[PDB]
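Participant: What follows is a single structure, and I will ask about it in a moment.
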Amino acid sequence: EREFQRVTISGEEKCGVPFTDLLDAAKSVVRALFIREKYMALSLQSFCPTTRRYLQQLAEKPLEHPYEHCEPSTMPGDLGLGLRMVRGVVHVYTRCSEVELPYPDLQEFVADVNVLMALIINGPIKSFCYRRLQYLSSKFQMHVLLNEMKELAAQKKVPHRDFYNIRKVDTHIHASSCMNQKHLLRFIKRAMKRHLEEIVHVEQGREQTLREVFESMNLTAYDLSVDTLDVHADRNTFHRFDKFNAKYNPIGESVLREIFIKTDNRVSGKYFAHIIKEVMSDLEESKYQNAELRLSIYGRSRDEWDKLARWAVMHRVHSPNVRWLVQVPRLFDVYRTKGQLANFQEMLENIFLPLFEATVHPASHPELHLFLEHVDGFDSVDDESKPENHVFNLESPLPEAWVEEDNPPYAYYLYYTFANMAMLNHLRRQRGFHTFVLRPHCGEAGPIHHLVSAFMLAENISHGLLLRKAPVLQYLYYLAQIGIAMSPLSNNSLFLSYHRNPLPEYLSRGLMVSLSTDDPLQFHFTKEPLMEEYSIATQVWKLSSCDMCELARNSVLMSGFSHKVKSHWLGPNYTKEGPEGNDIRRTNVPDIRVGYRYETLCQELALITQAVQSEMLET
Amino acid sequence: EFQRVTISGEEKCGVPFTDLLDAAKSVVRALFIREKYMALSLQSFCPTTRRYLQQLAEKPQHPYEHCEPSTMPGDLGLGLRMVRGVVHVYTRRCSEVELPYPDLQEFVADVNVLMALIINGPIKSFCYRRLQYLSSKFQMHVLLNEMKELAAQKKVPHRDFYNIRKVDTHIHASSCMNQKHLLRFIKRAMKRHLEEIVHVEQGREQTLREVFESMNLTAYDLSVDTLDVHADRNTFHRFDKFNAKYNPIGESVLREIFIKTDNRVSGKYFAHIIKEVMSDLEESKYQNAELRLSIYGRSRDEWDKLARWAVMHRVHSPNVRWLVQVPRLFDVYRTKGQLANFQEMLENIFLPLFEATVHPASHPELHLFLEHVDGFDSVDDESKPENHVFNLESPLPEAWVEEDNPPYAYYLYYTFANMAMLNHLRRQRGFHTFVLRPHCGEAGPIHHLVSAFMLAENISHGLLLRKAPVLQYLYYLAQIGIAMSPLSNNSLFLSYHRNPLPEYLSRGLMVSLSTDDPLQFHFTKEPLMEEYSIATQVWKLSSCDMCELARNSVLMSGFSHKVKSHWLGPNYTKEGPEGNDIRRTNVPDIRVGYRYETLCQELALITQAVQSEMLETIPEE
Amino acid sequence: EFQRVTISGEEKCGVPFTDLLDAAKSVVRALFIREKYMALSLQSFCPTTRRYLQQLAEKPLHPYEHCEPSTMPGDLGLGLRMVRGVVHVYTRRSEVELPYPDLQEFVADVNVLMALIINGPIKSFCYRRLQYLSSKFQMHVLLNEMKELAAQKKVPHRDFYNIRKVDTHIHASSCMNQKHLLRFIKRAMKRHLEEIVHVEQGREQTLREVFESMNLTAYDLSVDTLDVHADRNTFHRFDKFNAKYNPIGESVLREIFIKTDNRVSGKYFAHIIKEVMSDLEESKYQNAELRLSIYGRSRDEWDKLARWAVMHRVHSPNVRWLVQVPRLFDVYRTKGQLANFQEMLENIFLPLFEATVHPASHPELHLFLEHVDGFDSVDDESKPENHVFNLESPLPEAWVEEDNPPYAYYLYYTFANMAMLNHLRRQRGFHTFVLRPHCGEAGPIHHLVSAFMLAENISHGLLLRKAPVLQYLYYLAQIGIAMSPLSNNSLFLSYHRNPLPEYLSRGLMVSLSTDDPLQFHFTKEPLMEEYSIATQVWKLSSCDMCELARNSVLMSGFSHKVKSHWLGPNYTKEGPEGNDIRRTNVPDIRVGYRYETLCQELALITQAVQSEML
Ligand SMILES: Nc1ncnc2c1ncn2[C@@H]1O[C@H](COP(=O)(O)O)[C@@H](O)[C@H]1O
Ligand SMILES: [Zn+2]
Ligand SMILES: [Zn+2]
Ligand SMILES: [Zn+2]
């Protein structure tokens with residue numbers, strides 16, 4: 001079905017506030033969106049087409065097996081370009097003259113931040129945005145009451161298509177925890193038998209086999225249990241992210257984490273690759289389920305990228321249902337305190353210089369060149385509840401000058417990851433290579449202004465719980481249609497209770513939200529964590545079938561999968577805006593639901609933009 | 001060892017001795033009523049409760065591989081006749097066999113006492129305070145002992161939640177398969193055989209494809225949405241809509257073909273679906289189910305027809321136990337002229353069972369099938385109002401010819417009365433006895449829980465205990481098992497955050513988790529694991545709590561003593577910590593010890609109050 | 001006597017000794033930090049906490065009718081000079097040996113406490129103890145509430161209506177309800193028809209003329225017209241709440257009626273307060289601790305405030321004065337009204353030091369300070385902070401930027417100057433002051449760290465529910481918390497989310513207050529209205545209500561003589577010995593339970609530490 005009952009408001013002041021208040025909010029909202037659009041364009045990241053169309057009216061200028069063979073000889077040739085990091089950003093040179101890439105200006109970024117920082121504490125704008133957010137919830141409630149039967153009928157009438165055969169993407173999941181506890185326990189106990197003489201660990205210079213590792217712990221294969229591994233988050237982990245980090249060590253053993261959960265170890269990440277490929281097998285068996293695993297590049301060593309690429313190539317860690325995102329833990333303070341890094345610039349060099357070198361000279365890093373074909377972007381992870389005592393501004397030390405053992409704040413990490421990524425994408429675009437996106441963890445806990453940083457620089461975010469405390473930011477995320485990969489089960493076990501999770505309000509109000517498992521090892525109990533994640537949410541918040549499919553469609557849209565794959569998944573016209581881009585035959589989402597979302601977004605954007613043009617100045 | 005919370009003072013219940021004495025006398029009297037009827041029907045009664053009551057009491061090879069009637073036990077030549085709704089056994093098919101035939105007047109008298117009890121305000125407040133105390137003590141116990149409980153679970157070798165026995169204590173066979181599983185089975189059937197005749201419409205024979213062609217539905221076009229067998233939010237407080245979910249694609253014919261045991265194809269499709277589910281339980285090893293099979297009492301041959309269906313299709317599994325449900329649809333049958341009177345329905349349900357016990361060769365397939373049948377169930381929309389109170393003025397079953405459906409207590413009493421006599425006869429021959437495990441307290445009148453408290457070994461749902469403190473207090477003291485299905489409740493009557501399950505578990509009531517109807521509610525391929533997950537996440541249950549629920553499920557189950565000996569250990573019959581082995585249960589003795597002591601202390605509080613008065617009444621007379 | 005709950009076991013606290021020992025050492029260290037600064041500033045410290053800490057440290061732990069400067073104490077000829085933001089006293093106008101605070105020591109103490117509040121292992125321990133206290137109280141009530149009520153019924157005469165209740169946290173500018181303000185305004189418009197109340201762009205206007213410009217008559221005026229009451233639109237909009245201080249959205253009307261300094265010399269504002277004082281005196285048992293504003297903008301504010309009170313006889317036996325300093329340095333610096341933060345400090349403290357040294361120089365202030373008990377800090381606490389107060393922070397004289405100094409910056413220098421003032425006043429036998437700031441309502445949690453070190457007691461304290469170690473430390477230290485659930489319901493935290501029942505259940509010294517009756521309450525008795533709603537919503541018992549009233553009196557700044565008359569001569573005793581049901585209507589069962597619970601918790605922490613010291 002396509003036609004549906006529509007809610008309309010008649011009379012003057014349709015927004016419920018006097019025009020003077022509306023104009024003030026509109027000016028700030030439009031300016032904020034322009035700021036985000038600028039940096040998305042700068043970094044070659046996506047910006048909502050619907051938002052861009054409405055903003056163009058007020059815009060001065062126009063807007064907008066693979067690893068079987070690894071032969072460097074057939075790879076693209078060397079461009080001979082020189083590389084050097086200047087003030088925390090990689091610069092490209094002809095060999096010599098600087099290549100005119102749009103190198104970000106820090107002062108411009110700081111000025112933009114200050115505008116948003118003042119905006120998020122603007123009282124009058126806060127009330128206006130909160131009123132609009134309540135309006136969106138009220139309108140959606142009316143839409144459901146007057147059209148859910150019609151929406152259900154459309155789902156019923158579609159042939160062949162149901163929730164079990166629509167595409168679903170685990171938009172936010174970590175490789176180190178992609179397996180369930182029982183799966184990990186079985187894999188370890190199988191490994192204790194198959195190969196028995198291989199040296200798997202060196203303890204104080206003493207080479208040890210896996211059996212000798214377990215005998216040192218006074219543990220037998222029979223004695224091992226899920227409780228023994230102790231890798232599951234419990235109620236005592238709540239508000240204790242440090243205790244959650246400890247769950248990554250089985251049996252409280254860093255050696256077991258090294259052997260089975262690390263890509264780089266004495267076994268060349270043999271066990272970790274095998275477990276991932278087993279997870280890949282389950283994903284391929286399910287056909288319709290996909291995941292975007294997070295692999296760790298710590299930036300501690302210059303060789304991490306090459307070793308990670310070789311690890312994937314040698315073990316053939318690849319699947320059509322898996323896309324890779326590289327996460328950078330914010331652990332500079334730990335590294336600096338141990339003397340393993342000289343300055344924050346060295347950490348940035350270990351993260352981006354190998355990438356820049358691979359682009360200019362693919363044969364220089366042949367394994368990395370192949371691996372990057374499946375790497376979509378960067379992620380930033382750390383205990384986001386930790387306080388920040390340093391404000392990122394022009395007075396902050398540059399990365400080369402940052403030699404103290406203090407961890408730079410969240411915005412410091414994000415800006416330099418963004419700045420280097422933006423230049424890298426420009427270089428890779430010129431050669432026709434795949435570009436990257438920035439998809440950080442944001443809003444889970446800690447200062448609200450972390451969401452200001454992501455709004456400026458992030459393609460999409462994960463968690464985003466604190467948007468409920470910032471009406472203007474939540475309103476902007478809706479207007480910009482910024483994807484949010486949420487993990488209610490993870491939040492329930494760490495920060496925010498399930499019944500208080502803001503996901504229901506985000507979904508009702510039209511934010512592009514998707515469901516994710518985060519760390520199935522520490523949380524889920526079934527053999528299909530993503531289905532279990534969908535189950536709990538659908539029951540506790542009593543989500544309708546249309547709501548479930550809408551979440552699945554959102555997960556695909558915010559994923560890093562290629563256009564060709566998405567064309568098969570959602571249809572060749574999926575890139576179109578509104579109902580035109582939706583095919584119920586492939587998504588099981590009625591056009592009535594998509595139509596309502598598109599009209600609601602268009603109405604909201606029209607309200608803000610038309611208010612700006614309606615201002616009358618007096619000489 | 002674990003930290004124990006102790007009270008110090010003169011009155012440690014919180015109430016004046018007069019309030020304690022009044023409540024204690026009624027509670028003890030209520031417990032005696034239940035003990036009398038459990039003994040009458042050879043049903044289990046909490047050993048801990050009985051021991052405290054005694055102080056106040058003046059009285060002290062596939063099983064279906066072969067079917068050879070000749071090798072079966074011989075005929076005892078006993079006559080059978082239903083008298084006033086209860087079967088009587090006779091020496092010849094002649095004297096009446098001296099069996100404890102229930103007296104209805106005695107039953108009504110006990111009911112009236114309990115009905116007055118459940119509205120006693122002073123007693124209600126007393127029990128409510130005790131329930132709050134039980135919750136408070138558990139909260140302090142958890143705070144002061146959860147770390148020690150967790151350490152014990154870490155210490156025990158090999159044992160974890162994934163290798164402990166879990167029983168789906170309440171699940172219906174007609175809905176034991178998930179929606180995706182049913183869709184795949186239907187799609188496969190359409191491909192395989194056009195030979196099968198599945199349905200006759202107006203005397204016109206039709207095949208499976210022809211039936212689907214009439215609806216103009218192709219195999220490819222079919223989807224889970226087309227089946228519409230899933231309970232959505234529109235089913236909330238709409239049990240009639242849930243009834244409609246039993247029809248695939250909203251068709252009764254499809255339900256008969258795939259979901260029913262008696263049809264043109266001898267229920268082969270339903271048997272295969274069950275046996276496919278049974279395979280998964282065997283693959284999981286540690287997961288078991290108690291599927292509910294329907295005996296409607298509509299036809300005298302239903303028991304034989306159900307037994308032949310199991311024997312011919314070899315529907316058996318070591319991880320599956322059978323409980324037979326009797327839908328309360330006498331009004332539907334009577335209105336259609338299918339039963340003469342309610343007595344005929346009882347005879348259709350119980351006469352074949354008595355005859356099989358007396359003369360196994362008369363019902364050779366029923367004799368084999370009953371080896372895996374453990375008890376009876378009563379299912380219907382419990383929200384439906386009742387206009388008739390079951391009393392001596394109520395028509396006897398043979399006299400009940402009106403099309404009105406008898407009330408809940410009417411069904412339960414006569415199911416109980418006939419079951420008790422059947423158990424006595426089966427015990428004489430050494431055969432397995434039965435128990436009465438009805439759906440109770442999900443919705444509707446509170447007094448339904450009064451009926452089950454008297455006659456039921458355990459119940460399912462039991463949500464309304466939260467609205468009757470005295471009944472919830474009694475169920476705790478009697479340790480009456482409660483099979484709860486929180487997901488089913490979320491889509492039908494009560495939301496997850498309002499569900500009283502966490503309060504029941506904390507206060508010490510014997511609660512277990514169940515799926516009810518996986519077809520209409522669950523989304524994953526392991527519904528029971530999905531059920532445990534949601535409950536653990538919403539109520540932040542610990543590993544100890546999860547394992548304690550699994551232990552309760554086994555204890556509430558109908559599995560044999562030998563089976564439970566391997567599952568829970570040879571000494572599982574012992575009360576308190578002595579009966580618990582973490583090496584098989586993963587439940588720390590700290591948890592079991594706390595429960596056992598709390599139950600004994602509560603019984604001691606009530607028992608001493610009764611003793612005190614009788615001591616002080618001696619001078620008075 | 002009452003049924004008591006006892007714990008038997010090897011680990012009675014619920015955690016292994018190693019976890020207990022680590023938490024106890026930090027908890028003991030934190031308590032010593034507070035005791036050090038309370039002693040330095042001559043502020044109270046919980047006697048029960050001190051006794052258990054001593055074992056761990058051998059070192060010991062009408063008044064305004066006549067104003068005659070000649071009769072006042074003579075001049076000591078002592079010099080005064082700000083030194084790094086703190087007033088220093090000199091023998092003439094050598095340095096007087098006063099315990100001048102050391103900033104480096106303060107910063108070092110802060111860093112330790114800041115680390116403690118983000119220590120995961122200690123946070124879980126404290127949270128577990130907090131849950132234990134709630135569980136223990138739950139069990140206590142279940143078994144003893146009947147006995148507590150029986151004592152209340154048996155005690156002669158005393159009930160909730162004849163026990164003393166003190167509004168421990170209320171602002172003078174909002175101490176009247178909206179209907180009271182409306183009646184007063186209409187009354188004034190019919191009086192003093194020939195008197196200038198305001199000049200509008202060089203045009204003198206009388207009270208009637210001001211209303212003529214607004215096109216409003218006395219009849220037209222209504223409660224709606226004033227628009228001084230908060231509503232659902234005021235939620236999380238403290239700026240809108242400040243706007244409510246302007247009747248009819250007019251700053252002039254606020255100036256005429258709700259300010260002590262104006263053309264009419266604060267005539268109307270004094271009269272309204274006296275009307276409230278009269279209502280308080282008629283009630284006999286209800287008291288208040290009103291907040292008066294000293295902005296620190298001008299050097300003469302203290303003298304002008306004291307003159308206002310003396311001339312209009314703004315005094316009541318049921319009222320104690322606390323002086324609030326709005327954190328508005330940014331506004332003053334931006335407009336050029338101040339050059340640096342030290343000037344703000346000079347305007348706030350120098351007149352007080354001068355009055356102490358030479359009372360005859362500030363004769364009105366000398367009399368007025370007899371009824372002033374302490375200082376207060378007020379501002380939109382939800383505002384973020386981008387500057388951390390440490391040794392690298394500018395000194396007050398060097399702070400010239402328009403940025404508002406952080407909360408700790410205000411609190412430390414107010415604490416430092418106040419402490420020296422108290423030492424001087426004690427030498428002369430004058431009344432000393434205490435620091436009672438608004439804290440924990442919103443904004444950063446570390447504000448509660450600052451008040452824990454420097455504040456006698458706090459108001460609001462809502463964020464303690466998010467900081468287990470801080471709430472556990474406040475409980476052990478028995479820091480008074482003045483809570484205003486109705487105010488929070490209309491500003492930050494809804495009534496059903498208010499942590500007051502948890503604090504009261506766990507034994508924290510909590511009291512009920514109205515905060516701003518003008519913007520919040522509807523009835524003729526805002527304090528009674530505040531108590532009633534708390535009782536109904538949380539189903540508080542008569543014992544719970546009376547315990548709150550007793551806590552309010554104990555937190556208050558009323559004299560020892562008055563409190564002895566109120567709570568009895570022995571009220572200073574600890575535990576049940578200090579409670580008289582005939583005076584408080586609080587059964588000794590309740591007081592006994594609180595005392596035993598507090599002592600047991602303190603013993604657990606202290607005895608665990610002693611084992612390492614033994
Ligand atoms: N979980 C249930 N609750 C209530 N009535 C039920 C349930 N299951 C089956 N019934 C009733 O039993 C009859 C059908 O049995 P069956 O075909 O096995 O599903 C119908 O009258 C249903 O209303
Ligand atoms: Zn994550
Ligand atoms: Zn059921
Ligand atoms: Zn205040």
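Letters A, B, ... go to the chains of the structure tokens in the order shown; residues in each chain start at 1; ligands are counted from 1 in the same order.
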Can you work out which residues are within 10 Å of ligand 2, considering only C-alpha atoms and all ligand atoms, and then hand them over as JSON, numbers by chain?
Facilitator: {"A": [172, 173, 174, 177, 293, 294, 327, 379, 380, 381, 382, 440, 441, 442, 444, 462, 463, 485, 486, 487, 490, 491, 516, 517, 518, 519]}
Participant: Counting only C-alpha atoms, which residues of chain B come no farther than 9 Å from chain A, as a ChimeraX atom specification?
Facilitator: /B:150,153-162,180,219-228,232-233,487,490-491,495-497,521-526,529-530,532-534,537-538,540-543
Participant: Could you build a table of the residues in chain B lying no more than 8 Å from ligand 3, giving for each the nearest pair of atoms and their separation in Å rounded to one decimal place, using only C-alpha atoms and all ligand atoms, ordered by chain and ascending residue number, as JSON lines?
Facilitator:
{"residue": "B:170", "atom": "CA", "partner": "ligand 3", "partner_atom_place_in_ligand_line": "1 (Zn)", "distance": 6.4}
{"residue": "B:171", "atom": "CA", "partner": "ligand 3", "partner_atom_place_in_ligand_line": "1 (Zn)", "distance": 6.2}
{"residue": "B:172", "atom": "CA", "partner": "ligand 3", "partner_atom_place_in_ligand_line": "1 (Zn)", "distance": 6.4}
{"residue": "B:379", "atom": "CA", "partner": "ligand 3", "partner_atom_place_in_ligand_line": "1 (Zn)", "distance": 6.9}
{"residue": "B:439", "atom": "CA", "partner": "ligand 3", "partner_atom_place_in_ligand_line": "1 (Zn)", "distance": 6.6}
{"residue": "B:460", "atom": "CA", "partner": "ligand 3", "partner_atom_place_in_ligand_line": "1 (Zn)", "distance": 7.2}
{"residue": "B:461", "atom": "CA", "partner": "ligand 3", "partner_atom_place_in_ligand_line": "1 (Zn)", "distance": 7.8}
{"residue": "B:516", "atom": "CA", "partner": "ligand 3", "partner_atom_place_in_ligand_line": "1 (Zn)", "distance": 4.7}
{"residue": "B:517", "atom": "CA", "partner": "ligand 3", "partner_atom_place_in_ligand_line": "1 (Zn)", "distance": 6.7}
Participant: Could those residues be written to a file, using N, CA, C and O atoms, as a compact mmCIF listing (two decimals), in the first residue's frame?
Facilitator:
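This went into part_3.txt:
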# COMPACT_ATOMS: atom_id res chain seq x y z
N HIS B 170 6.50 -25.88 30.53
CA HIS B 170 5.17 -25.49 30.06
C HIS B 170 5.29 -25.06 28.61
O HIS B 170 5.69 -23.92 28.32
N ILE B 171 4.96 -25.96 27.69
CA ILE B 171 5.03 -25.70 26.26
C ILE B 171 4.00 -26.59 25.56
O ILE B 171 3.80 -27.75 25.95
N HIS B 172 3.29 -26.02 24.60
CA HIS B 172 2.24 -26.72 23.86
C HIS B 172 2.79 -27.30 22.55
O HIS B 172 3.47 -26.59 21.80
N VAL B 379 -6.79 -25.95 29.67
CA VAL B 379 -6.45 -24.71 28.97
C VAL B 379 -7.70 -24.06 28.39
O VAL B 379 -8.57 -24.75 27.86
N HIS B 439 -3.32 -24.68 33.90
CA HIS B 439 -3.07 -23.25 33.67
C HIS B 439 -3.92 -22.52 34.71
O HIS B 439 -5.13 -22.74 34.79
N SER B 460 0.71 -23.39 35.95
CA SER B 460 1.41 -22.58 34.97
C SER B 460 0.90 -21.14 35.07
O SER B 460 -0.22 -20.91 35.54
N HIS B 461 1.72 -20.20 34.59
CA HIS B 461 1.42 -18.78 34.70
C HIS B 461 1.37 -18.35 36.15
O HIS B 461 2.42 -18.07 36.75
N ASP B 516 5.80 -21.57 26.61
CA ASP B 516 4.36 -21.60 26.32
C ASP B 516 4.10 -21.95 24.86
O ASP B 516 3.85 -23.12 24.55
N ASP B 517 4.14 -20.97 23.97
CA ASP B 517 3.87 -21.16 22.55
C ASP B 517 4.98 -20.50 21.74
O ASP B 517 4.86 -19.34 21.31
Participant: Residues within 10 Å of ligand 4, counting only C-alpha atoms and all ligand atoms: report them as a list in words.
Facilitator: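 With only C-alpha atoms and all ligand atoms and a cut-off of 10 Å, ligand 4 is contacted by residues 169, 170, 171, 174, 290, 291, 324, 376, 377, 378, 379, 437, 438, 439, 441, 459, 460, 482, 483, 484, 487, 488, 513, 514, 515 and 516 of chain C.
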Participant: Please return as a list in words the residues found within 7 Å of ligand 1, counting only C-alpha atoms and all ligand atoms.
Facilitator: residues 172, 173, 174, 243, 246, 259, 260, 293, 294, 327, 328, 329, 379, 380, 381, 516 and 517 of chain B
Participant: Go through segment 51-117 of chain C and collect every residue that DSSP, computed from the backbone, puts in alpha helix (DSSP H); the answer should be as a count of residues only.
Facilitator: 18
Participant: Would you kindly report the residues of chain C within 9 Å of chain B, using only C-alpha atoms, as JSON, numbers by chain?
Facilitator: {"C": [1, 2, 3, 4, 5, 6, 7, 8, 9, 10, 11, 12, 13, 14, 15, 16, 128, 129, 131, 132, 135, 136, 138, 139, 141, 142, 143, 144, 145, 146, 147]}
Participant: Would you mind listing what lies within 10 Å of residue 29 of chain C as number ranges by chain, with only C-alpha atoms counted and same-chain residues fewer than 3 positions away left out?
Facilitator: C: 23-26, 32-35, 53, 109, 112-113
Participant: Residues at most 6 Å from segment 224-236 of chain C, counting only C-alpha atoms, excluding those fewer than 5 positions away in the same chain, as a PyMOL selection string?
Facilitator: chain C and resi 244+247-248+490-492+519-520
Participant: Next, the residues of the selection above should be written as a compact mmCIF listing (two decimals), in the first residue's frame with N, CA and C atoms.
Facilitator:
# COMPACT_ATOMS: atom_id res chain seq x y z
N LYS C 244 11.60 34.73 36.21
CA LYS C 244 10.43 34.78 37.08
C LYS C 244 10.58 35.79 38.20
N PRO C 247 8.37 40.56 38.18
CA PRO C 247 6.91 40.52 38.04
C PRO C 247 6.48 41.14 36.72
N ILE C 248 5.52 40.49 36.06
CA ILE C 248 5.00 40.97 34.78
C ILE C 248 6.14 41.12 33.79
N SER C 490 10.32 21.11 39.36
CA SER C 490 10.04 22.13 38.35
C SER C 490 11.29 22.61 37.63
N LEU C 491 12.47 22.09 37.96
CA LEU C 491 13.71 22.61 37.39
C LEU C 491 14.57 21.53 36.76
N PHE C 492 14.88 20.47 37.50
CA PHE C 492 15.87 19.50 37.03
C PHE C 492 15.39 18.06 37.14
N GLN C 519 8.11 30.94 43.27
CA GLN C 519 8.12 30.31 41.96
C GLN C 519 7.51 28.90 41.95
N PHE C 520 7.16 28.35 43.11
CA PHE C 520 6.83 26.93 43.17
C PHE C 520 5.52 26.64 43.90
Participant: Just the strand (DSSP E) stuff from segment 73-232 of chain B, please, per backbone DSSP, written as a VMD selection string.
Facilitator: chain B and resid 79 to 83 86 to 90 166 to 172 197 to 201 204 to 207
Participant: Keeping only N, CA and C atoms, take the residues you just selected and write them out as a short mmCIF file (atom, residue, chain, number, x, y, z; two decimals), in the first residue's frame.
Facilitator:
data_model
loop_
_atom_site.label_atom_id
_atom_site.label_comp_id
_atom_site.auth_asym_id
_atom_site.auth_seq_id
_atom_site.Cartn_x
_atom_site.Cartn_y
_atom_site.Cartn_z
N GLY B 79 -14.93 -54.08 36.52
CA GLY B 79 -15.94 -53.27 35.89
C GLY B 79 -15.76 -51.79 36.18
N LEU B 80 -16.28 -50.96 35.28
CA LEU B 80 -16.15 -49.51 35.37
C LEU B 80 -17.50 -48.85 35.13
N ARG B 81 -17.82 -47.87 35.97
CA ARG B 81 -19.05 -47.10 35.84
C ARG B 81 -18.84 -45.74 36.49
N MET B 82 -19.14 -44.68 35.74
CA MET B 82 -19.03 -43.33 36.28
C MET B 82 -20.28 -43.02 37.08
N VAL B 83 -20.09 -42.66 38.35
CA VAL B 83 -21.19 -42.36 39.27
C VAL B 83 -20.99 -40.93 39.78
N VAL B 86 -17.64 -39.34 38.74
CA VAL B 86 -16.39 -39.95 39.16
C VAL B 86 -16.46 -41.44 38.88
N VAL B 87 -15.39 -41.99 38.29
CA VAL B 87 -15.37 -43.40 37.95
C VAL B 87 -15.29 -44.24 39.21
N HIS B 88 -16.07 -45.32 39.25
CA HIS B 88 -16.02 -46.31 40.31
C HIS B 88 -15.54 -47.63 39.74
N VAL B 89 -14.70 -48.33 40.50
CA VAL B 89 -14.13 -49.60 40.09
C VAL B 89 -14.88 -50.72 40.81
N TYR B 90 -15.15 -51.81 40.09
CA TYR B 90 -15.94 -52.91 40.62
C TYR B 90 -15.22 -54.23 40.39
N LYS B 166 17.94 -28.27 31.69
CA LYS B 166 16.87 -27.29 31.66
C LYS B 166 15.65 -27.93 31.01
N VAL B 167 14.48 -27.76 31.64
CA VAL B 167 13.25 -28.35 31.17
C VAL B 167 12.27 -27.23 30.87
N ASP B 168 11.75 -27.20 29.64
CA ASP B 168 10.65 -26.30 29.32
C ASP B 168 9.38 -26.87 29.94
N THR B 169 9.11 -26.49 31.19
CA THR B 169 8.06 -27.12 31.98
C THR B 169 6.66 -26.82 31.46
N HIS B 170 6.50 -25.88 30.53
CA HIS B 170 5.17 -25.49 30.06
C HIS B 170 5.29 -25.06 28.61
N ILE B 171 4.96 -25.96 27.69
CA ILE B 171 5.03 -25.70 26.26
C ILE B 171 4.00 -26.59 25.56
N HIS B 172 3.29 -26.02 24.60
CA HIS B 172 2.24 -26.72 23.86
C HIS B 172 2.79 -27.30 22.55
N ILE B 197 -3.75 -36.88 -0.23
CA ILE B 197 -5.04 -36.22 -0.07
C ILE B 197 -5.09 -35.68 1.35
N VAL B 198 -5.26 -34.37 1.49
CA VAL B 198 -5.15 -33.72 2.79
C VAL B 198 -6.49 -33.18 3.28
N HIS B 199 -7.37 -32.73 2.39
CA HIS B 199 -8.61 -32.09 2.80
C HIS B 199 -9.69 -32.39 1.78
N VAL B 200 -10.92 -32.51 2.27
CA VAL B 200 -12.10 -32.69 1.43
C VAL B 200 -13.03 -31.51 1.69
N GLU B 201 -13.36 -30.77 0.63
CA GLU B 201 -14.22 -29.59 0.71
C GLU B 201 -15.52 -29.91 -0.01
N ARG B 204 -15.38 -32.89 -2.05
CA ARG B 204 -14.43 -32.84 -3.16
C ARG B 204 -13.03 -33.07 -2.61
N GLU B 205 -12.42 -34.19 -2.98
CA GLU B 205 -11.06 -34.48 -2.53
C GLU B 205 -10.09 -33.46 -3.08
N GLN B 206 -9.17 -33.01 -2.23
CA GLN B 206 -8.19 -32.00 -2.61
C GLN B 206 -6.81 -32.42 -2.11
N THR B 207 -5.79 -32.11 -2.90
CA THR B 207 -4.41 -32.31 -2.49
C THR B 207 -3.86 -31.03 -1.87
#
